[PDB]
Every structure is written in structure tokens, then in C-alpha cells.
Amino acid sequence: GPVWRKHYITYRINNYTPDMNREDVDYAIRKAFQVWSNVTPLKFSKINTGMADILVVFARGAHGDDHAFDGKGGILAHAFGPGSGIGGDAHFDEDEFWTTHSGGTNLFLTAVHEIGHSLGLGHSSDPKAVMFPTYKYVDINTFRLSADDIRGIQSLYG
């Protein structure tokens, strides 16, 4: 599958969910990128204008792609694999209630999963992997990638 062929990757937060404080959205997304830069040669930088590699969007229902959202529950977010244009972009369903903690749906944990897709990972069959396809809260302050996630990403980078 596709991978980024450069080490400096940019992201941009297109818009902000009203569910959270702005600074908390920024921090959750930054921390999620750091999870992956920790285990690859990739470097991620936030930009505020122009075209980023990875555009982060909060949207509800139909929102201009083939992965229409479905209201509260069900699909929480989705992301495109590496490539030009919409490639890399990560979309979060605004019909969820995003949080910094164990209430609602944790943005950081969901972003770690989606960014995994943005970098070219697929799903894992291992329930302990962040790339497992059902959300579960785990303490975000002590979060660590599973061995399965590390093997997955290091098959693509580094």
C-alpha cells in the first residue's frame, strides 16, 4: 500500500469541534502525531494556511466524500491513506462528543488510530492494538502503542 516518500509531513486543522476547548483540540492532535513520530523517522508540523499533507476536519453526515457519516455512534472518524489531495486527510464525525478524557469519545485516541491510516496502516485483528477497529478508552496519560502497532508502522517506515 501507499506510504509517504518524504520525512517532513505537514498537517492543518481545518476547523474545530465546539465540543472541546480550542487548545485541547490542538494538543490532542499534536500528541497523536507524536505517538507515530516516536517510532518512525517522520516529523510533523502544524501549518495554519495553504495545503497541508494531512488535513484534519470535523464534519457531520455527507461532507464531500464517499464515507458519509452516520450521526452519533457507528463510524466515529475515517482517514485516507497517503497520497495527493484528499490522501492523508483525517475526518472526525461532529455528531460524536469529543473529549480530553474518558467521557464521550476521546479525540487523542481516535486521532492516533486515524493518523495510523493517514500514514498507510490498515486494521489489526489484535484487540490490544490502537489499529483495532473498535474504540475503547485506555488511560491517555500512560498510553503506549502495542507491539503490533509498532511492527505495523515499522514495516512501512524507518
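Residue numbers here begin at 1 and follow the sequence given. Rigid core: the largest C-alpha set superposing within 1.5 Å between the two forms.
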| query | finding |
| --- | --- |
| In 5 other deposited structures of this protein, rigid core aligned: more displaced of 88 to 96 and 66 to 74 by C-alpha RMS | 66 to 74 |
| Between 17 to 25 and 136 to 144, the one whose CA atoms sit farther away in 5 other deposited structures of this protein (rigid core aligned) | 136 to 144 |
| Entry-level comparison of average CA B-factors, 121 to 129 and 107 to 115, reporting the higher stretch | 121 to 129 |
| Per the entry, higher mean C-alpha B factor between 63 to 71 and 86 to 94 | 63 to 71 |
| Residue with maximal Cα B-factor (values as given in the PDB entry) among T10, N15, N21, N141 | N141 |
| Within-chain third of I29 by Cα B-factor, per the entry | lowest |
| Ranked C-alpha temperature factor of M51 among modelled chain residues, by third | highest |
